[PDB]
Amino acid sequence: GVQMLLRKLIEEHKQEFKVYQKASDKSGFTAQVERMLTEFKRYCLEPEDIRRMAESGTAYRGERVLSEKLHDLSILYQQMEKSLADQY
Amino acid sequence: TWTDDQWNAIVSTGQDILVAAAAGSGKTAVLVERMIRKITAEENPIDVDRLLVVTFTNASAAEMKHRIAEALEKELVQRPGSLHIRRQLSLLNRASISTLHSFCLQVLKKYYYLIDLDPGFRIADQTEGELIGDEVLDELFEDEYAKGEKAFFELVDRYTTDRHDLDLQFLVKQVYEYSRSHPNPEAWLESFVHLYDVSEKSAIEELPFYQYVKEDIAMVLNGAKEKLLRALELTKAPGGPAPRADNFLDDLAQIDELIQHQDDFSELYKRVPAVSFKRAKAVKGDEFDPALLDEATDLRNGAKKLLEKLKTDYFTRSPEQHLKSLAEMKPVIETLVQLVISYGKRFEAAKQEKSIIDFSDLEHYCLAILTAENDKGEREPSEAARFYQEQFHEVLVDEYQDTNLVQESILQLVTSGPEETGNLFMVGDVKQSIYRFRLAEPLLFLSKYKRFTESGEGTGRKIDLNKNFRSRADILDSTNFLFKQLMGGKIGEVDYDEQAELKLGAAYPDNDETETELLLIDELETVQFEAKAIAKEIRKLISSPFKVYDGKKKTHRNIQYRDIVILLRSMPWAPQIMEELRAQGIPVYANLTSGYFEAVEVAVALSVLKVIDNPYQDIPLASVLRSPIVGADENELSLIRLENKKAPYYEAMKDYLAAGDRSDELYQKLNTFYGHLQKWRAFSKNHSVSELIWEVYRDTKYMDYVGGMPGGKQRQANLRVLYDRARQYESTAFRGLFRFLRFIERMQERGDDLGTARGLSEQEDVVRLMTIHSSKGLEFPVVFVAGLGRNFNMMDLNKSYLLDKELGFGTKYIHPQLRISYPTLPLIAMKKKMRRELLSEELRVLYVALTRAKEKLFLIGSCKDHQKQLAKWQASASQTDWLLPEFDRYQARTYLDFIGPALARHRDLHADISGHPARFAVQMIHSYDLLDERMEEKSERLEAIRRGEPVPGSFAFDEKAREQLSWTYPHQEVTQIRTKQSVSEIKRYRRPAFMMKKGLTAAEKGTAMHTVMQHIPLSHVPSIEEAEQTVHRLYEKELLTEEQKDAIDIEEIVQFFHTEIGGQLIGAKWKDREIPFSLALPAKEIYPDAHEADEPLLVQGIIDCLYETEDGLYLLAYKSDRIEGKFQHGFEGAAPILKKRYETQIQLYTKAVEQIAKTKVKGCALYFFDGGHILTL
Amino acid sequence: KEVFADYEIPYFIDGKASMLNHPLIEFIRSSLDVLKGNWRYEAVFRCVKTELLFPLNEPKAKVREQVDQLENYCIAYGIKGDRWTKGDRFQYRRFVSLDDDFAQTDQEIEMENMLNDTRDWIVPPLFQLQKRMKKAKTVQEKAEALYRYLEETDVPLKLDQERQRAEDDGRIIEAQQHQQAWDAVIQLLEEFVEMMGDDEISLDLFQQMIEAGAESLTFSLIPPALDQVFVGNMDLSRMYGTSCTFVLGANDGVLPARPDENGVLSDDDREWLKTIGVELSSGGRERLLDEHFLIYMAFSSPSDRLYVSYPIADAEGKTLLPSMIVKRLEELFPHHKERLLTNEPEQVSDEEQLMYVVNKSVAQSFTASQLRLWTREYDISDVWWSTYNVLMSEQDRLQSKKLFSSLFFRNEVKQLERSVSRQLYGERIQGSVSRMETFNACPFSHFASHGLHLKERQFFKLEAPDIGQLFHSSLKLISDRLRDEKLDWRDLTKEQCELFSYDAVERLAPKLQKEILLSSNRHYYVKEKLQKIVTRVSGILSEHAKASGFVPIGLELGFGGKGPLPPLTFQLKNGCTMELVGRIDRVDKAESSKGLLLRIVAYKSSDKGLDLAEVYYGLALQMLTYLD
DNA sequence: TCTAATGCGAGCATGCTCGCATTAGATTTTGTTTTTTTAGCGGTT
Ligand SMILES: Nc1ncnc2c1ncn2[C@@H]1O[C@H](COP(=O)(O)OP(=O)(O)NP(=O)(O)O)[C@@H](O)[C@H]1O
Ligand SMILES: [Mg+2]
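Engineer: Give a description of the site of ligand 1 that names residues and reports values.
Structural biologist: Residues and elements named next belong to chain B. Ligand 1 sits among 18 residues. The nearest are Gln6, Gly26, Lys27, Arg470 and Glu779. Within the side chain of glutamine 6, an N or O atom sits 2.6 Å from a nitrogen atom of ligand 1. Within the backbone of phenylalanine 469, a nitrogen or oxygen atom sits 3.3 Å from an oxygen atom of ligand 1. Here ligand 1 has 630 Å² of accessible area as a free molecule, and 86% of this is covered by the chains. Counting residues per element, the shell around ligand 1 draws most heavily on helix 2 (residues 27-39), which supplies 3 residues. The class makeup of the residues in the shell around ligand 1 is 5 nonpolar, 8 polar and 5 charged.

Encoded structure:
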């Protein structure tokens, strides 16, 4: 159910991505994102934390890439919690 | 014990390193120890996951992993305190030691997002991917025909036959495939037109392809010149003919006249068809020599044929005509290029949709990921490439002489920097490259050998290893003797000079035995004679034990079958050989890639599957019937037909079942089979093909049956991998009987095949029949090389078109309307060039084959006539040079055409050549000599088996076997009994949400009631409004959904508290609610036949209420049952019935509290919301 | 599952099973595939074969047989796409001949009726689904379209029937899983409309998501029994009071396990994320180390006995290596002997071979192979002579005997009895030269062919014989037209050759192989190719006629049966008469000094002529028969 | 599909090569490559 929600959100905000645009097309991708965000929740990391980590990144060899990823993930994450807030 | 050069290779750093050396130089060993040394270093330590080792085979990778782990352990024994080495032993499972394909797979998996690839992609089965390709080729062709463009028809007409267009299909496939061996396939495809961009004004000699024409001409004219010179020499001999000299000298002059014009194609067009040899001057007298007389004429006629061949090749049309034809073909090529490009784009789109990739997509997608910017072949490294550059300190490549351009690109992007100061270590041997059929480029190696210097200053360093540590001197000398005469320049692509010759370095105690043997063999198959000879000599090796020396251990061991290895160039002959060796009694193992569906067991088992799929297939049905599965004989079969002639065979079978009587045997066979058939058909609908196949096996016992007939081991293996193959295909894309069968049929129709299953594992003591290609990098004590008299496969030359890595697409000039075709110049050039390349590689194949051996080498080849071939061998061997005549080597069609003449100048069949320290044992066998029944001992047991009666008497294990076969598990009955049980169970399809009336589910109401009943304060009896304030305390805290809240009778809830039992509850010393419990109950109570040793069942439940008054402990339950609505006596009709409805449950609950708390409960009450009734139990 | 089934060992697997084999799941998937790919053969018949389209309360066996013959029909006539939903009835002919045009027999009518009747219950639910689906724009109305599709085909009722049928057979678990399949599907749809119900999406995205959902579906865990072997894993499984433990597949690369790093966040991503103070799940690096603890817990789990096994080879025979753990164990227990696990009992001790006889089937299976080995002059264990003997003592030794009759198995055929032969082939044998040739090639082939009349499954595909028939018939039509216009082959012009040839192929095309030359554009071009061939052949015959003194008398002449010439006949010992009837391609007459001359001409599609060797062995008899 | 054998006649040095044409035979592939993590039900309907 969350995966489907993700796919929806992905279609809606794919234009805002910095690195996962090419992959947002793929079905495997939404599964990956779902697993990632679930891990985030299991390790007590709210959307704002993820945003913050991204911002920290923008300014380690793969820091640029990682920050891009975390940015896209944070858009999907935050949007998810928005969509789920008072109903699910 | 490392050689100086070896150590140089093991320690050298700072720059790209190429290690070039012949066979058995320790290149692979050097590589391993370089790795070890790098990791296990006191001075500077690096982790194993900081190196990239790319091997050729997965086995080689695993082998490296172990040969490493052991060294790590020795280092650990010597240094226990080491934290590092300890960690390295662990990192070995995280190590990048594999094939390049595996590395590509890791790249795609991690950086999928950089390209258009699904992270959950999978690599397609060979046939699967090919089928996808076949489909899109069909779609594409239909679209082109639909469009009906004139260009398309102009192409089809030229490259298809007169009734179908399959050849064009194959053509597209082949061209696409070839193009995929370049880093930029499209660009290579678009370079096609340039070969055809000529005019009548163009200068032939300046055109690229003409290079290969030039050489050919230069080779044949000289080839004739020499051929005449010999004839001239034959004039000087005493018995030789003197008067014919003036003939030869004339011909020579004429041929020499052509040689002065080799460079000018036009002049050659003028002179070559104008050359005529004056009539042979007859020499009459007995002073001459009839043999020599008739031999010189052969040489002269040889010159004639060479010239005529040159003429028909190049000079039957003017250069202007040739160029006009070539230019004419240009538009057709342009259409072909565009067609192949559409195919690819479509093929990729197809594979993308199913989220799969080629085996070929691995390389190309990896390369895509590694590049960011590509400028005319200049690839700038992407982020992924930088990552892999930093992660890997060094990149190690073995078998580099078989690297291809795509792989090389990937290596160039993962390695760190320019050649001069890079981290690319590579070992290999040009002489051993055997994968040009797979478009590998050994020239990649060669160019790097030429650019590199021993000094390695400003460039990369090359390192030579001269010593051979693998084999005995007999092998090395035999090899070196053969290849100084064969491999050179045009044929071999490499000089077999002193630096490249094998040099003894291994210590081996002597043997008279190790002589290299050549066995020439003169209504029986030739392969059978060869196999007979092989087996014979193998038995000779076994009868008196050959001694096998372990160079490292320095300890001998008796000869084992696992020491003998038979190498073949091609495996068509392998089956017959295996059969013959088994006839002689020798154990054989050969890894096969074909013949699976020819196995009768496979055919029959498949037939069962098809019949289960659709019984209305006469032949698969009849097949299953006549098979041992049913066992109907010919009379019984024809009997089935008789019931119904016009109908399908299945119908006839049905009818015989309908009319037949239970007394007959045939009816019983057919009735059993039909019952089985129906069982299986039902079975296929909710089970996989695999489960079906295993079930068919256990119902028919067909695997059991075939295991007891000849070849049984193999047969059971076949049926086994039928199961396993099914499991793989199910797992992947063909789940279910129908899809699986379809896949198998589609596969077979293509011309694809699977290999027969391996009955025995490799590690067992058997003689291995393998291809020479499988042999590389390996060493074996004794080695056979058979099929030497067999022709080279050069079918590629014969087609109307040819593909070339350098030149592209060569074709015949083809005019569909005029009905004429003839080779264009670049086609002939590409043909000649291809023959050269092919021959050179076959030589390298032979080199690998011979260098495999350690101590013994057998060469078996067959021939029509010994003396004729010996004569021809001599004819090619009269030269004083080591290297045989270039043209003669160019004319070779079989391996014997190489080995023969090179073996002719040897003593065993010029002192430098004749006296070479190579020993050859020549056997001139004829078929009849190879050609060379046992005691008839009856067996009581065999016939007793036939009868079905037992074997006479009293074996040791009779008693124990009796005991086991009649054994039954004591606790059998309780093996199926579920442990956890429901209180409801002990007594023992819904629409979606968006299709229903919203809300107010009947059970929901009851559950709601329950929740309030358990969260209501029990301090005192509440008011009717009080309970409601409780309810929006509950709604707010979301304990009950507002939907549930809306549906609640507040009066019904309050009413219970007015009643005397409820009054007791509020006025209770102690009270508790929603009390869950688990209770153990001996299985016997719920199930008869159970036992005390047999575990108790667990029964869980939730008790609504429990309260303790001064008198005792009481149980309370609530039911949202419907009472007042439908009972004749109302509650009093309900009361006996309700008591029944919950009696079992209550008895279980009371048993729980009674057992666990060990306190008897005085009374139990059932409160019903409907009517407020309370039933006492 | 299968092995422990055969060795009668009760087990509990710590894992859920897939629904991907269930008829409902495949029904939905294949149905959507029917829509997406426009009624391709494979999709449609996947769908049909799940049996959920079957007419309610009709006998599934009979329905199946009907579908089967429909399927053969579709394959033979190349039915796909629009042809399914066209109004036209599927037309059926048992055999179509180019030369002679025939009226539909009564059997053919009966068949045609059956085929179309089967079609008429297949198409509507699928057709209606397709219609509803094109019209549905949002996730919810597509989900509703699909669910309605399930409702209208009475899927819940059919599945419930299945539940009961299974329960009656005692298959409680297999019966329980049907309702699981239904509830799973309904939940899938429910969620889909819950998250994206109002969003408009394409059919491709819908099918994609539905498929992604169904791939993840799993049945519930089978509840544990009172006495089961526990089969599970090493990462998540928990046990208690275990007495014996078998650790399996202790292979290199397997144990310890190579972790797969691949997620959104790399190992180096995670490792760096740690240094900046954010903690996530263990990256692969750590897990690879925790493998030691896993193996430690696995090894110290039993109280009494521990087994550590590893296979050396693949299912395909690929070599598997023993892990480091095996060596490590060899170090800690250097005097322990390693035991061999093989399906070749000969390779172990008699005491171990005795372990093999666990029940009657296992025993039968191993005994038969041991018997084979024995016949190959090898000493099989006493265990197998004991076993064989008990098997022969037991109640139904006839079965074991049948199994062991493999020891003397040969591929033998029993000669046909006089009465059977008489009935099959008849008292009078009507034949063709080709039948005789078939027999001379191989008697059994002739038996399967002209005896049993076994037909191979027909395919919508242009083979060589069809093309041959086309050529023959074409030349016939041309010749006839030539005589009707008082024209002779000599007087033909190039223009006339082209015109006649094209016309002839045009005429014959709709009759050739189920109208396959009209089937596609590619086949249109095939037709053109054939036209070009016939054209050139026409011209060639015209040139040959201008240089030959031989004049064609009869073309496609018939001897025997209907044809004017009488059948050549033979008499037999049996008292049976064998008459052979056939058709000569061409016969030419000439006038000469020696007399009237006759020659026979045959139109063939191969360059090869007549081999006397093949004549001697009875492989090539047609020509000399025609001449005779 | 290319190499080899067979047949016949013209030009040359009555018997021999050579040209040419043609057919007929037989003779015939090699190959490798993965894993997908991530905590059993549910008493009461
Ligand atoms: N310095 C040495 N001392 C002793 N034995 C050696 C030495 N170098 C190599 N060998 C042995 O010689 C054999 C050949 O070594 P190998 O590593 O296969 O070389 P290679 O160049 O890779 N052979 P190849 O791949 O076919 O070209 C192996 O069995 C080694 O153990
Ligand atoms: Mg090597």
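Moving on from the model shown.
Engineer: Describe in detail the side chain of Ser365(C), supporting the description with residues and values.
Structural biologist: Within the fold, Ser365(C) resides in helix 15 (residues 360-375). The exposure class of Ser365(C) is buried, given its relative accessible area of 16%. For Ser365(C), the residues in contact, after removing those within four places along its chain, are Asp704(B) and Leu403(C).

Engineer: Residue-level account of the sheet that holds strand 9 (residues 582-591) of chain C, with values.
Structural biologist: Residues and elements named next belong to chain C. Strand order in the open sheet formed by 3 strands is 6-9-10, and the pairing between neighbours is antiparallel. Only two strands of the sheet have a single neighbouring strand rather than two, namely strand 6 (551-559) and strand 10 (596-601). The average undirected angle you get between the axes of adjacent strands in this sheet is 30°. The pairing of strand 6 with strand 9 spans 6 bridges and is antiparallel. If you follow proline 552 over to strand 9, its bridge partner there is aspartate 588.

Engineer: Go over the protein's contact with DNA strand D, please, and point to the residues and values.
Structural biologist: Around DNA strand D sit 53 residues, and of these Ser102(B), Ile123(B), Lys304(B), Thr771(B) and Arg790(B) come closest. Of all DNA strand D atoms lying within 4 Å of any protein atom, the proportion belonging to sugar or phosphate reaches 57%. Between DNA strand D and the protein, one listed contact pairs a phosphate oxygen with a side-chain N or O atom of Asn791(B) at 3.3 Å. Separating a base nitrogen of DNA strand D from a side-chain N or O atom of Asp14(C) is a distance of 3.4 Å.

Engineer: Got a sec to walk through the pattern of salt bridges? Specific residues and values, please.
Structural biologist: Under the counting rule described, the total for this entry stands at 129 salt bridges over all chains. With a shortest N-O distance of 2.7 Å, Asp429(B) and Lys431(B) are connected by a salt bridge. Both residues of the pair, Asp429(B) and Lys431(B), belong to the buried class. The salt bridge partner of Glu695(B) is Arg698(B), with a shortest N-O separation of 3.6 Å. Remark: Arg698(B) and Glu695(B) occur in helix 29 (residues 689-700); sequence separation between them is 3 residues, near one turn of the helix. Residue class for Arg698(B) comes out partly exposed when judged on its relative accessible area of 29%. A cluster of three or more residues bridged by salt bridges with shared partners is formed by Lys679(B), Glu695(B), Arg698(B), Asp699(B), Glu2(C) and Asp6(C).

Engineer: Could you give an account of a negative patch on the surface, naming the residues involved and the relevant values?
Structural biologist: Residue and element names in this part refer to chain B. Among the surface-exposed residues, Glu373, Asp375, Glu378 and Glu380 lie close enough to one another that they form a single negatively charged patch. Going through the elements one at a time, strand 6 (371-375) and strand 7 (378-381) are the ones with two or more residues in the negative patch. Its location among the elements puts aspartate 375 in strand 6. By relative accessible area, which is 45% here, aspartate 375 ends up partly exposed.

Engineer: Could you give an account of the packing of helix 2 (residues 23-36) of chain C against helix 3 (residues 41-49) of chain C, naming the residues involved and the relevant values?
Structural biologist: Residue and element names in this part refer to chain C. Orientation of helix 2 relative to helix 3, taken along the N-to-C sense of each, is 150°, at an axis distance of 8 Å. By the angle between their directions, the pair helix 2 and helix 3 is classed as roughly antiparallel. Helix 3 is crossed by helix 2, and the crossing has left-handed handedness. In this structure, helix 2 contributes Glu26, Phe27, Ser30, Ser31, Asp33 and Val34 to the contact, and helix 3 contributes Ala43, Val44, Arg46 and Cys47. Classifying every residue of the contact of helix 2 with helix 3 by side-chain character gives 5 nonpolar, 2 polar and 3 charged.

Engineer: Give a detailed account of the pairing of strand 9 of chain C, specifying residues and quantitative values.
Structural biologist: Residues and elements named next belong to chain C. A large share of strand 9 lies buried, amounting to 7 of its 10 residues. Note: strand 9 against strand 10, 6 bridges, orientation antiparallel. In the sheet register, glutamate 591 faces strand 10, and the bridge partner there is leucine 596. Between the antiparallel neighbours strand 9 and strand 10 lie 4 residues, among them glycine 595 with a positive phi of about 140°.

Engineer: For the domain arrangement of chain B, give the residues involved together with the corresponding values.
Structural biologist: Many authors give the size of an interface as the accessible area that is lost as the parts come together. What the domain assignment lists for chain B is domain 1 (1-123 + 358-465), domain 2 (124-205 + 318-357 + 797-824), domain 3 (206-317), domain 4 (466-596 + 758-796 + 825-934), domain 5 (597-757) and domain 6 (956-1177). Taking only C-alpha atoms into account, the centre of domain 1 of chain B sits 53 Å from that of domain 3 of chain B.

Engineer: I'd like a rundown of a nonpolar patch on the surface, residues and numbers included.
Structural biologist: Residue and element names in this part refer to chain C. A contiguous nonpolar patch, built from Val3, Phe4, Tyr7, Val229 and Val358 and spanning about 350 Å² of accessible area, is present on the exposed surface. Topologically, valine 358 is positioned in the loop between helix 14 (350-353) and helix 15. By relative accessible area, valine 358 is classed as partly exposed at 32%.

Engineer: Can you lay out the sheet that holds strand 5 (residues 428-431) of chain C for me, pointing to particular residues and giving the numbers?
Structural biologist: Residues and elements named next belong to chain C. Read from one edge of the open sheet, 3 strands run 5-8-7, paired in mixed fashion. Both edges of this open sheet fall to strand 5 and strand 7 (568-571), since each of them pairs with a single strand only. Across the sheet, the axes of successive neighbouring strands diverge by a mean angle of 20°, strand direction being ignored. Bridge count between strand 7 and strand 8 (residues 577-580): 4 bridges; the pairing is antiparallel. Bridge pairing in strand 8 links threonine 569 to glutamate 579.

Engineer: Now, about the interface of chain B and chain C: what can you tell me, with residues and values included?
Structural biologist: On the chain C side, the residues contacting the 128 residues of chain B number 150 residues. Roughly 12,400 Å² of surface becomes buried between chain B and chain C when both sides are summed, with 53% attributable to carbon and sulfur atoms. Looking only at chain B, the three residues that lose the most surface to chain C are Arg163(B), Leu965(B) and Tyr989(B), adding up to 7% of its buried area. At the surface where chain B touches chain C, the tally comes to 19 salt bridges.

Engineer: Tell me what's going on with the packing of aromatic side chains, and back it up with residues and numbers.
Structural biologist: Scanning the model with the defined rule gives 85 aromatic pairs over all chains in all. With a centroid separation of 5.3 Å and 75° between ring planes, the pair formed by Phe483(B) and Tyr847(B) is classed as edge-to-face. Ring pairs connect the aromatic residues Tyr20(A), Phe29(A), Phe103(B), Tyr111(B), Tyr112(B), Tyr113(B), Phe387(B), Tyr388(B) and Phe392(B), which therefore count as one cluster. Geometry around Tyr822(B) places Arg317(B) over its ring, the cationic atom sitting 3.3 Å from the centre.

Engineer: Which residues make up the pairing of strand 27 (residues 1097-1108) of chain B, and what values do they have?
Structural biologist: All names here are of chain B. Examined bridge by bridge, strand 25 (residues 980-982) and strand 27 share 3 bridges and lie parallel to one another. Each bridged residue has a counterpart across the sheet, and for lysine 980 the counterpart in strand 27 is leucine 1098. Linking strand 27 to strand 28 (residues 1113-1119), which pair antiparallel, is a turn of 4 residues.

Engineer: Give a detailed account of helix 11 (residues 267-275) of chain C, specifying residues and quantitative values.
Structural biologist: Those residues of helix 11 of chain C that fall on the buried side of the exposure criterion are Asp267(C), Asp268(C), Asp269(C), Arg270(C), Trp272(C) and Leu273(C). In the core, the buried residues of helix 11 of chain C are packed alongside helix 3 (27-42), helix 4 (47-58) and helix 5 (63-84) of chain A, helix 18 (383-391) of chain B together with helix 12 (284-299) of chain C. With a side-chain oxygen positioned 3.2 Å from the backbone nitrogen of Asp268(C), the residue opening helix 11 of chain C is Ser266(C). After helix 11 of chain C finishes, the residue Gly277(C) shows a positive phi value of roughly 100°.

Basis of the calculations
All residue numbers refer to a per-chain count from 1 along the written sequence rather than necessarily to the numbering of the entry. Residues that lack coordinates are not shown. All chains are assigned letters beginning at A, and all ligands numbers beginning at 1, according to the order in which they are written. Summary scope: the chains shown constitute part of a larger assembly, and all values are computed over the shown part. As a convention, hydrogens and water are excluded, and side-chain values are obtained from all of the structure's heavy atoms. Throughout this document, a residue counts as near a molecule or strand when at least one of its heavy atoms sits within 4 Å of that molecule or strand. Whenever a nitrogen or oxygen atom comes within 3.5 Å of another N or O atom, the pair is scored as a polar contact, on the condition that within protein one atom can donate a hydrogen and the other can accept it, and that pairs from neighbouring residues in sequence are kept only if both atoms are in side chains. Accessible surface is estimated by sampling points in the Shrake-Rupley manner with a 1.4 Å probe; for residues, cover comes only from the protein chains shown. Here a helix means four or more residues in a row that DSSP labels H or I, a strand means two or more in a row labelled E, and each is numbered from the N terminus. All residues other than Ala, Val, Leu, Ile, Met, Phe, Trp, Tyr, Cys, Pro, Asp, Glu, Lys and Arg, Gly among them, are scored as polar; the first ten of these are nonpolar and the last four charged. For every residue, the accessible area obtained with a 1.4 Å probe (protein chains only) is divided by the maximum for its type, and the residue is called buried under 20%, exposed over 50%, and partly exposed between those limits. Any two residues whose heavy atoms approach within 4.5 Å are treated as being in contact. Should DSSP find at least two bridges between two strands, the strands are taken to pair. Every angle, taken between N-to-C directions, lies between 0 and 180 degrees, and every axis is a line fitted to C-alpha atoms, over only the stretch in contact when it is a helix. The salt bridge criterion pairs a side-chain nitrogen of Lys or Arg with a carboxyl oxygen of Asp or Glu, the two atoms within 4 Å. Every patch collects residues that have over 30% relative accessible area and no salt bridge, joining them within 9 Å if they carry like charges and within 5 Å if they are nonpolar side chains (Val, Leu, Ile, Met, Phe, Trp, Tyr). Only four residue types enter the tally: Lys and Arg on the positive side, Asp and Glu on the negative side; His and the chain ends are excluded. Working definition for charges: the position is that of NZ of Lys, CZ of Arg, CG of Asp or CD of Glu. Roughly parallel here means an angle under 35 degrees, roughly antiparallel means over 145, roughly perpendicular means 65 to 115, and every remaining angle is called oblique. Crossing handedness follows the turn of the near helix against the far one: under a right angle anticlockwise gives a left-handed crossing, and clockwise gives a right-handed one. Domain start and stop positions are those given by an automatic or database domain assignment. As used here, buried area is the combined drop in accessible area, with a 1.4 Å probe, of two parts when they are placed together. Aromatic rings from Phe, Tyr and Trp, with only the six-membered ring used for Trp, were paired whenever their centres fell within 6.5 Å, and each pair was classed as stacked if the ring planes differed by under 30 degrees, edge-to-face if by over 60, and tilted otherwise. Two conditions define a charge located above a ring, namely a distance within 6 Å from the ring centre to NZ of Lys or CZ of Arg, and an angle within 35 degrees of the ring normal.

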